[PDB]
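Here is the structure we will look at.
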Amino acid sequence: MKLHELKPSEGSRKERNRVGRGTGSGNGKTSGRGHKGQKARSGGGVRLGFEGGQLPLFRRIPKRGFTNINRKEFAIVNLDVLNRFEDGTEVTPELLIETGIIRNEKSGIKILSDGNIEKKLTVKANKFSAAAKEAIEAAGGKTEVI
Amino acid sequence: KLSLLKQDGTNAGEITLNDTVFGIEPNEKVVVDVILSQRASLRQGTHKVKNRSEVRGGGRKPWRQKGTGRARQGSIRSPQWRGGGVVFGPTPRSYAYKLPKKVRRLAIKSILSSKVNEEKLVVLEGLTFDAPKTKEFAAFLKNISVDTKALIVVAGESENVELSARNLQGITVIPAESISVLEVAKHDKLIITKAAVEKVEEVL
Amino acid sequence: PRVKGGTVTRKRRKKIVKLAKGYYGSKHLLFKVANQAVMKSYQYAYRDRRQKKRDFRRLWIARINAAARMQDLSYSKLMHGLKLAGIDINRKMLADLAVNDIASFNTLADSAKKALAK
Amino acid sequence: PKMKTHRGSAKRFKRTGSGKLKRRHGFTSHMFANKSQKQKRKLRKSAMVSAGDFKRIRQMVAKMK
RNA sequence: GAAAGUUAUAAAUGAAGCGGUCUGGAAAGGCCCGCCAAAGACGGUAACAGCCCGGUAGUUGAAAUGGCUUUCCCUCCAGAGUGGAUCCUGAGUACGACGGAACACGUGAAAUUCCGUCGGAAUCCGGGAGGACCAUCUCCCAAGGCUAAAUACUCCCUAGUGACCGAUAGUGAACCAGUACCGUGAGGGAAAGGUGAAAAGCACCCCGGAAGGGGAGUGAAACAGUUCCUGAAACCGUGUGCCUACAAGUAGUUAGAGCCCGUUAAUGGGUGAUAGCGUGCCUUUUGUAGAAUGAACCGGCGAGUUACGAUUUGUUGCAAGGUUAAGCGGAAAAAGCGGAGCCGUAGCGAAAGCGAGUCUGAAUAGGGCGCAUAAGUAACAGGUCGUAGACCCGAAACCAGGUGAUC
RNA sequence: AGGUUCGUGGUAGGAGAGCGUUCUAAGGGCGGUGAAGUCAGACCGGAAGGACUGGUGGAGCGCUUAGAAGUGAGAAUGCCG
Ligand SMILES: [Mg+2]
Ligand SMILES: [Mg+2]
Ligand SMILES: [Mg+2]
Ligand SMILES: [Mg+2]
Ligand SMILES: [Mg+2]
Ligand SMILES: [Mg+2]
Ligand SMILES: [Mg+2]
Ligand SMILES: [Mg+2]
Ligand SMILES: [Mg+2]
Ligand SMILES: [Mg+2]
Ligand SMILES: [Mg+2]
Ligand SMILES: [Mg+2]
Ligand SMILES: [Mg+2]
Ligand SMILES: [Mg+2]
Ligand SMILES: [Mg+2]
Ligand SMILES: [Mg+2]
Ligand SMILES: [Mg+2]
Ligand SMILES: [Mg+2]
Ligand SMILES: [Mg+2]
Ligand SMILES: [Mg+2]
Ligand SMILES: [Mg+2]
Ligand SMILES: [Mg+2]
Ligand SMILES: [Mg+2]
Ligand SMILES: [Mg+2]
Ligand SMILES: [Mg+2]
Ligand SMILES: [Mg+2]
Ligand SMILES: [Mg+2]
Ligand SMILES: [Mg+2]
Ligand SMILES: [Mg+2]
Ligand SMILES: [Mg+2]
Ligand SMILES: [Mg+2]
Ligand SMILES: [Mg+2]
Ligand SMILES: [Mg+2]
Ligand SMILES: [Mg+2]
Ligand SMILES: [Mg+2]
Ligand SMILES: [Mg+2]
Ligand SMILES: [Mg+2]
Ligand SMILES: [Mg+2]
Ligand SMILES: [Mg+2]
Ligand SMILES: [Mg+2]
Ligand SMILES: [Mg+2]
Ligand SMILES: [Mg+2]
Ligand SMILES: [Mg+2]
Ligand SMILES: [Mg+2]
Ligand SMILES: [Mg+2]
Ligand SMILES: [Mg+2]
Ligand SMILES: [Mg+2]
Ligand SMILES: [Mg+2]
Ligand SMILES: [Mg+2]
Ligand SMILES: [Mg+2]
Ligand SMILES: [Mg+2]
Ligand SMILES: [Mg+2]
Ligand SMILES: [Mg+2]
Ligand SMILES: [Mg+2]
Ligand SMILES: [Mg+2]
Ligand SMILES: [Mg+2]
Ligand SMILES: [Mg+2]
Ligand SMILES: [Mg+2]
Ligand SMILES: [Mg+2]
Ligand SMILES: [Mg+2]
Ligand SMILES: [Mg+2]
């Protein structure tokens with residue numbers, strides 16, 4: 001394009017609004033703030049959760065639970081994704097990482113059982129759900145745990 | 001595709017260019033956005049004004065609060081005073097921003113193909129000079145009928161082209177890796193050496 | 001970049017001060033009172049632009065009444081007779097006939113008398 | 001500076017699978033002789049933060065309760 | 001302590017139009033011809049200069065002193081194994097009680113470090129830590145010391161840059177500025193730029209004591225004459241076309257005769273005897289012409305902004321994927337490299353955990369939250385919010401360091 | 001782009017389309033045969049506003065498309081003259 005006829009995409013840029021420039025624009029004297037309150041003052045307003053003295057909602061309901069230091073989370077792989085592999089292939093967590101369908105392993109690879117598979121495959125992973133194992137041996141493959 | 005020609009003006013044969021680079025349908029909106037992005041990151045943004053807390057003086061209340069007949073005043077450097085401080089004004093600040101990589105690659109492809117779509121691109125087999133001489137370069141430019149702002153892309157040898165063309169006004173020489181959207185858009189014609197074409201194609 | 005306010009304020013104020021030409025005292029010299037004078041003049045013109053039609057209709061009716069009283073008719077009777085006969089001449093043209101061509105006015109009054117009695 | 005998460009309400013609410021907030025009932029501490037068994041059974045479950053309160057406390061739990 | 005090199009502090013050389021013609025006070029400008037260019041940066045010259053001047057690119061240059069780098073000189077120097085009998089390995093310390101402090105950690109289940117007061121070890125078959133503590137295991141040797149680089153800042157110096165200001169702006173200070181002035185003192189703290197290209201800064205004559213004028217002269221211009229480019233408004237005057245001394249006036253608007261003119265030429269301009277209608281502007285209020293508030297008039301200055309996060313709408317690129325951060329590279333560039341990380345693709349439960357389900361529950365019951373019923377991510381722009389003075393002006397007061405008994 | 005029908009008082013407030021000012025980039029321009037500024041006119045547009053002619057002035061300034069803001073004053077017992 002020529003620099004003397006630049007035209008940005010329509011709808012992608014808009015004009016800023018300026019308040020306090022005369023009464024003809026609708027944002028003149030009071031500048032969209034009303035008349036003589038706390039919210040009409042410079043730097044005015046109350047805290048995010050303030051209710052004017054009434055007890056805040058979070059302070060009239062109880063706390064619950066604790067946090068486990070040894071919490072374990074697993075990367076989830078479903079069966080339908082696993083269909084993208086030529087059968088007779090030994091599927092390995094390192095292979096799952098190299099193909100790019102698993103970005104980071106959190107505490108191990110655990111496969112689930114939604115969707116369908118139809119390929120004879122051998123799969124090894126840290127954990128298996130019951131139905132996922134049943135579906136894998138249903139198609140003829142074998143499951144082994146790492 | 002295009003017609004390769006020698007630097008003396010005589011035809012040198014034929015040259016073909018990759019269609020994934022020079023043959024795509026240009027995306028104008030992406031080019032405009034990238035041009036704005038590249039132009040907005042060239043500015044220093046060195047500017048500054050003094051608030052009422054940096055103007056020398058102040059502190060003492062000019063006169064009493066009540067009973068004197070004058071208006072209530074609190075400092076000699078208040079914004080409404082004559083020598084007072086600025087309210088908001090400018091401040092040192094950066095303006096640079098950068099947009100996703102694939103967008104920038106699409107932009108360079110589109111603007112580089114748009115030149116070919118308008119017959120504003122010249123490919124020549126070689127371009128060399130024994131010694132730096134602006135007269136020879138001017139004669140060259142006259143021979144290949146450019147007569148306008150031009151950008152010359154030389155790849156590896158070039159002998160001494162930058163020196164022998166540094167004084168001409170609307171002429172710029174870049175080493176085939178510094179190619180940019182804004183630089184290409186700034187100049188009218190684009191003269192590119194054959195050896196630079198392979199480099200440009202293989203990079204993108 | 002700094003944008004100092006020159007040449008724009010005076011250009012705008014001088015237009016109002018020129019619009020207030022011919023007023024008494026400072027109303028044609030000083031911006032603050034000239035602005036109020038100009039706004040009030042615009043408002044007065046807007047209102048009088050409606051009252052003008054009312055005033056002229058009153059004048060036409062008075063002249064028609066005066067001319068018709070010389071023919072042993074009221075304004076009310078004359079207008080009723082003209083409406084009953086089927087004549088659609090407005091007050092302006094009847095007043096014109098009354099002021100100048102009174103013969104034609106008397107002919108129209110004869111038509112109204114004919115229709116009214118009938 | 002990035003805005004801070006309200007720690008007091010980060011111990012009481014939970015973010016569900018649709019983005020809503022889940023809370024606990026609040027009359028269940030020390031006067032169980034004064035309320036019936038139906039009321040106690042229904043107070044031991046969990047409720048949801050209503051629309052009016054959600055409109056007021058979005059910003060203050062904006063990052064994962 | 002030498003030798004060599006380099007660098008900093010003066011400098012030298014350096015291409016090309018007196019080109020013709022028009023306007024003009026003056027050519028660097030217009031028109032028509034040429035030339036140089038590793039030099040078309042900047043400034044000056046009677047208006048806008050690559051070819052008039054100082055210069056610029058490039059190439060050279062140092063008697064003297066300082067800095068850096070190599071080489072020589074000079075100076076100083078033990079490091080491997082094989083054995084364990086015996087000896088050594090930081091004492092009023094390490095810890096403990098009491099009272100405080102620092103650790104993101106407010107005495108708490110309180111580990112770790114430091115201070116004041118008392119008590120007070122082992123020492124290789126030994127000692128400490130792994131967030132009270134004991135056993136097992138693992139890692140490590142306190143109570144002695146030194147150590148460059150990657151990091152923070154700029155009163156200064158050399159070379160530069162700016163979608164920074166342009167005399168109420170920008171430093172308080174573009175000018176003999178921390179000066180004049182104010183105060184006992186600490187301390188506070190201004191106003192004030194421009195003749196002309198060149199003084200060619202008005203010889204001489206007339207009025208006057210002078211100041212100041214009228215001619216004459218210089219000048220492109222004196223209506224540029226020693227606050228001197230331009231010269232607005234308030235404010236003060238001189239002359240004249242229309243009206244005005246029986247008239248109750250927010251001063252105008254509508255109708256309108258008479259008199260005087262003649263335009264960006266069109267159902268034009270100035271003034272207006274007489275008639276109808278008509279209680280300024282702003283703020284704050286249920287309600288203001290208000291006898292409620294503000295403004296003597298004119299001019300200049302004077303109030304929603306930026307940085308980082310959240311959320312929502314629009315646009316663009318890719319799409320079950322999207323995207324890099326710091327950093328390397330470079331011209332205060334553009335690519336290229338960098339996948340550490342972040343969001344999304346799975347939820348439920350306080351948790352172990354299970355998983356298109358899960359939790360409650362004795363339950364294959366019912367119910368809650370989810371799936372069926374699946375589009376996100378990166379950047380930009382608008383709206384709003386949070387942390388920062390956060391929209392601008394205004395207290396009485398509080399604390400800390402100092403100056404004052406010349407009243 | 002052309003029609004039919006229904007509408008077009010308005011404070012706080014919501015939404016939309018625009019005028020003008022300073023600077024930057026590209027294209028194209030005018031100016032000692034007189035630029036910006038200033039003064040006067042009975043011209044043009046729906047508004048903010050924009051031209052043309054003449055006097056003073058004596059050297060710089062518009063236009064088109066985008067971008068960035070120290071962005072427009074009649075009031076604050078507002079500050080300076
Ligand atoms: Mg707008
Ligand atoms: Mg409004
Ligand atoms: Mg107002
Ligand atoms: Mg108010
Ligand atoms: Mg309010
Ligand atoms: Mg201060
Ligand atoms: Mg103070
Ligand atoms: Mg200042
Ligand atoms: Mg400026
Ligand atoms: Mg102003
Ligand atoms: Mg009059
Ligand atoms: Mg959870
Ligand atoms: Mg309990
Ligand atoms: Mg020389
Ligand atoms: Mg020379
Ligand atoms: Mg001449
Ligand atoms: Mg010439
Ligand atoms: Mg000269
Ligand atoms: Mg001149
Ligand atoms: Mg000059
Ligand atoms: Mg030791
Ligand atoms: Mg210890
Ligand atoms: Mg203790
Ligand atoms: Mg041990
Ligand atoms: Mg540890
Ligand atoms: Mg432990
Ligand atoms: Mg040691
Ligand atoms: Mg000035
Ligand atoms: Mg100043
Ligand atoms: Mg003194
Ligand atoms: Mg001078
Ligand atoms: Mg004299
Ligand atoms: Mg004289
Ligand atoms: Mg004379
Ligand atoms: Mg003369
Ligand atoms: Mg001059
Ligand atoms: Mg003067
Ligand atoms: Mg005047
Ligand atoms: Mg009488
Ligand atoms: Mg009389
Ligand atoms: Mg009257
Ligand atoms: Mg009242
Ligand atoms: Mg009164
Ligand atoms: Mg009051
Ligand atoms: Mg008053
Ligand atoms: Mg999208
Ligand atoms: Mg990547
Ligand atoms: Mg269920
Ligand atoms: Mg705000
Ligand atoms: Mg003393
Ligand atoms: Mg309306
Ligand atoms: Mg209506
Ligand atoms: Mg709005
Ligand atoms: Mg001319
Ligand atoms: Mg002439
Ligand atoms: Mg200007
Ligand atoms: Mg003029
Ligand atoms: Mg304009
Ligand atoms: Mg302003
Ligand atoms: Mg004023
Ligand atoms: Mg005053």
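By convention in this document, the chains of the structure tokens carry letters A, B, ... by their order, each chain's residues are numbered from 1, and ligands are numbered from 1 in the order they are shown.
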All residues 9 Å or closer to residue 44 in chain C, only C-alpha atoms (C1' of nucleotides), same chain fewer than 5 positions away omitted, as a list in words: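 Final neighbour list, sorted by chain and number: residues 39 and 49 of chain C; 252, 253, 254 and 278 of chain E.
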Counting only C-alpha atoms (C1' of nucleotides) and all ligand atoms, what residues are within 10 Å of ligand 30, given as a ChimeraX atom specification? /E:181-184
List as a PyMOL selection string the protein and nucleic acid residues near range 4-6 of chain A, meaning an atom at most 12 Å away when only C-alpha atoms (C1' of nucleotides) are counted, but skip any in the same chain fewer than 4 places from it. (chain A and resi 10) or (chain B and resi 28-36+185-186) or (chain F and resi 25-28+64-67)
For residue 11 in chain D, list every protein, DNA or RNA residue within 7 Å, evaluated using only C-alpha atoms (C1' of nucleotides), and leave out those in the same chain fewer than 2 positions away; present the list as number ranges by chain. A: 63-64; D: 7-9, 13
Preceding selection exported with C-alpha atoms as a compact mmCIF listing (two decimals), in the first residue's frame:
# COMPACT_ATOMS: atom_id res chain seq x y z
CA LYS A 63 -14.66 -21.04 55.74
CA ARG A 64 -14.26 -24.63 54.62
CA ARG D 7 -7.83 -13.63 50.63
CA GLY D 8 -10.79 -13.68 53.02
CA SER D 9 -13.24 -14.71 50.30
CA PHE D 13 -16.13 -19.62 47.66
Any idea what's packed within 12 Å of residue 372 in chain E, counting only C-alpha atoms (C1' of nucleotides), ignoring anything in its chain fewer than 5 positions away? Could you give it as a list in words?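 Surrounding residues, per the criterion: residues 114 of chain A; 356 and 357 of chain E.
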List as CSV every residue of chain E that is in contact with ligand 16, defined as an atom at most 9 Å from one of its atoms (using only C-alpha atoms (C1' of nucleotides) and all ligand atoms), together with the nearest atom pair and the distance in Å rounded to one decimal, sorted by chain and then rising number.
residue,atom,partner,partner_atom_place_in_ligand_line,distance
E:22,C1',ligand 16,1 (Mg),8.3
E:23,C1',ligand 16,1 (Mg),6.8
E:24,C1',ligand 16,1 (Mg),6.0
Same residues, N, CA and C atoms (P, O5', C5', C4', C3', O3' and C1' of nucleotides), output as a PDB file, in the first residue's frame:
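Result written to result.pdb:
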ATOM      1  P     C E  22      16.957  40.609 -18.230  1.00  0.00           P
ATOM      2  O5'   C E  22      15.756  39.898 -17.458  1.00  0.00           O
ATOM      3  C5'   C E  22      14.463  39.802 -18.040  1.00  0.00           C
ATOM      4  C4'   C E  22      13.407  39.502 -17.003  1.00  0.00           C
ATOM      5  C3'   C E  22      13.372  40.431 -15.801  1.00  0.00           C
ATOM      6  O3'   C E  22      12.654  41.625 -16.060  1.00  0.00           O
ATOM      7  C1'   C E  22      13.285  38.185 -15.066  1.00  0.00           C
ATOM      8  P     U E  23      12.923  42.940 -15.182  1.00  0.00           P
ATOM      9  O5'   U E  23      12.278  42.602 -13.768  1.00  0.00           O
ATOM     10  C5'   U E  23      10.876  42.434 -13.623  1.00  0.00           C
ATOM     11  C4'   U E  23      10.519  41.995 -12.227  1.00  0.00           C
ATOM     12  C3'   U E  23      11.084  42.843 -11.101  1.00  0.00           C
ATOM     13  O3'   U E  23      10.335  44.019 -10.864  1.00  0.00           O
ATOM     14  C1'   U E  23      11.423  40.558 -10.616  1.00  0.00           C
ATOM     15  P     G E  24      11.085  45.401 -10.545  1.00  0.00           P
ATOM     16  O5'   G E  24      11.786  45.141  -9.142  1.00  0.00           O
ATOM     17  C5'   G E  24      11.015  44.903  -7.977  1.00  0.00           C
ATOM     18  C4'   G E  24      11.856  44.326  -6.872  1.00  0.00           C
ATOM     19  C3'   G E  24      13.018  45.181  -6.402  1.00  0.00           C
ATOM     20  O3'   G E  24      12.626  46.218  -5.521  1.00  0.00           O
ATOM     21  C1'   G E  24      13.759  42.968  -6.722  1.00  0.00           C
TER      22        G E  24
END
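Counting from atom 1 (Mg, counted along the ligand's line) of ligand 24, the distance to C1' of residue 90 in chain E is 21.3 Å.
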Using only C-alpha atoms (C1' of nucleotides), determine which residues lie at most 8 Å from range 34-42 of chain F, disregarding the query and same-chain residues fewer than 6 positions distant; provide the list as a list in words.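 The neighbour list is residues 230, 232, 263, 264, 268 and 269 of chain E; 55, 56, 57, 58, 59, 60 and 61 of chain F.
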Would you name the residues within 9 Å of ligand 21, counting only C-alpha atoms (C1' of nucleotides) and all ligand atoms, and put them as a VMD selection string? chain E and resid 89 to 90 141 to 144
Per residue of chain C within 7 Å of chain F, what are the shortest atom pair and its distance in Å to one decimal, counting only C-alpha atoms (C1' of nucleotides), with rows by chain and residue number, as a tab-separated table?
residue	atom	partner	partner_atom	distance
C:1	CA	F:23	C1'	6.0
C:2	CA	F:70	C1'	4.6
C:3	CA	F:22	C1'	4.5
C:32	CA	F:74	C1'	6.6
Just write the chosen residues, N, CA, C and O atoms, as a JSON list (two decimals), in the first residue's frame.
[["chain", "number", "residue", "atom", "x", "y", "z"],
["C", 1, "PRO", "N", 2.46, 17.08, 22.20],
["C", 1, "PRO", "CA", 2.93, 18.43, 21.91],
["C", 1, "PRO", "C", 2.00, 19.50, 22.48],
["C", 1, "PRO", "O", 0.79, 19.29, 22.50],
["C", 2, "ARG", "N", 2.55, 20.61, 22.93],
["C", 2, "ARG", "CA", 1.74, 21.67, 23.51],
["C", 2, "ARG", "C", 0.90, 22.34, 22.44],
["C", 2, "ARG", "O", 1.36, 22.58, 21.32],
["C", 3, "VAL", "N", -0.34, 22.66, 22.79],
["C", 3, "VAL", "CA", -1.27, 23.33, 21.89],
["C", 3, "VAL", "C", -1.72, 24.60, 22.61],
["C", 3, "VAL", "O", -2.66, 24.58, 23.41],
["C", 32, "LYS", "N", -19.24, 39.61, 27.14],
["C", 32, "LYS", "CA", -20.11, 38.92, 28.09],
["C", 32, "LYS", "C", -21.55, 39.40, 27.99],
["C", 32, "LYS", "O", -22.48, 38.60, 28.02]]
List all protein, DNA and RNA residues that have at least one atom no more than 10 Å from any atom of ligand 4, counting only C-alpha atoms (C1' of nucleotides) and all ligand atoms, and write them as number ranges by chain. A: 29-30, 34-37, 40; E: 283-284
Atoms to include: N, CA and C atoms (P, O5', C5', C4', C3', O3' and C1' of nucleotides). Write the selected residues as a PDB file, in the first residue's frame.
ATOM      1  N   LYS A  29     -20.948  20.029  32.193  1.00  0.00           N
ATOM      2  CA  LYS A  29     -20.658  20.534  33.526  1.00  0.00           C
ATOM      3  C   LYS A  29     -20.246  19.428  34.489  1.00  0.00           C
ATOM      4  N   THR A  30     -21.154  18.504  34.798  1.00  0.00           N
ATOM      5  CA  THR A  30     -20.884  17.505  35.824  1.00  0.00           C
ATOM      6  C   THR A  30     -20.134  16.287  35.306  1.00  0.00           C
ATOM      7  N   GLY A  34     -23.206  13.161  38.145  1.00  0.00           N
ATOM      8  CA  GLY A  34     -24.351  13.434  38.986  1.00  0.00           C
ATOM      9  C   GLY A  34     -24.228  14.723  39.766  1.00  0.00           C
ATOM     10  N   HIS A  35     -24.756  14.754  40.989  1.00  0.00           N
ATOM     11  CA  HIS A  35     -24.789  15.975  41.789  1.00  0.00           C
ATOM     12  C   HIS A  35     -24.473  15.655  43.243  1.00  0.00           C
ATOM     13  N   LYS A  36     -23.304  16.096  43.710  1.00  0.00           N
ATOM     14  CA  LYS A  36     -23.022  16.315  45.130  1.00  0.00           C
ATOM     15  C   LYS A  36     -23.207  15.042  45.962  1.00  0.00           C
ATOM     16  N   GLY A  37     -22.359  14.062  45.690  1.00  0.00           N
ATOM     17  CA  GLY A  37     -22.363  12.876  46.519  1.00  0.00           C
ATOM     18  C   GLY A  37     -20.974  12.500  46.973  1.00  0.00           C
ATOM     19  N   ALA A  40     -19.291  11.602  43.536  1.00  0.00           N
ATOM     20  CA  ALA A  40     -19.053  12.756  42.686  1.00  0.00           C
ATOM     21  C   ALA A  40     -17.771  13.489  43.037  1.00  0.00           C
TER      22      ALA A  40
ATOM     23  P     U E 283     -25.501  26.274  35.613  1.00  0.00           P
ATOM     24  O5'   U E 283     -25.208  26.369  37.173  1.00  0.00           O
ATOM     25  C5'   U E 283     -23.923  26.080  37.702  1.00  0.00           C
ATOM     26  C4'   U E 283     -23.865  26.346  39.185  1.00  0.00           C
ATOM     27  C3'   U E 283     -24.764  25.484  40.055  1.00  0.00           C
ATOM     28  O3'   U E 283     -24.141  24.259  40.390  1.00  0.00           O
ATOM     29  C1'   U E 283     -24.950  27.766  40.690  1.00  0.00           C
ATOM     30  P     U E 284     -25.005  22.951  40.703  1.00  0.00           P
ATOM     31  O5'   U E 284     -25.895  23.359  41.955  1.00  0.00           O
ATOM     32  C5'   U E 284     -25.348  23.405  43.262  1.00  0.00           C
ATOM     33  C4'   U E 284     -26.348  23.939  44.255  1.00  0.00           C
ATOM     34  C3'   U E 284     -27.638  23.151  44.376  1.00  0.00           C
ATOM     35  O3'   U E 284     -27.511  22.042  45.242  1.00  0.00           O
ATOM     36  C1'   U E 284     -28.134  25.449  44.152  1.00  0.00           C
TER      37        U E 284
END
Which residue is closest to chain E? Choose from C:115, C:16, C:45, C:33 and count only C-alpha atoms (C1' of nucleotides). C:45
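Near residue 16 in chain D, within 12 Å and counting only C-alpha atoms (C1' of nucleotides), sit residues 22, 23, 47, 48, 49, 64 and 65 of chain D; 347, 348, 368, 369 and 370 of chain E; same-chain residues fewer than 6 positions away were not included.
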List all protein, DNA and RNA residues that have any atom at most 9 Å from ligand 13, counting only C-alpha atoms (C1' of nucleotides) and all ligand atoms, and write the list as an NGL selection string. :D and (28-30)
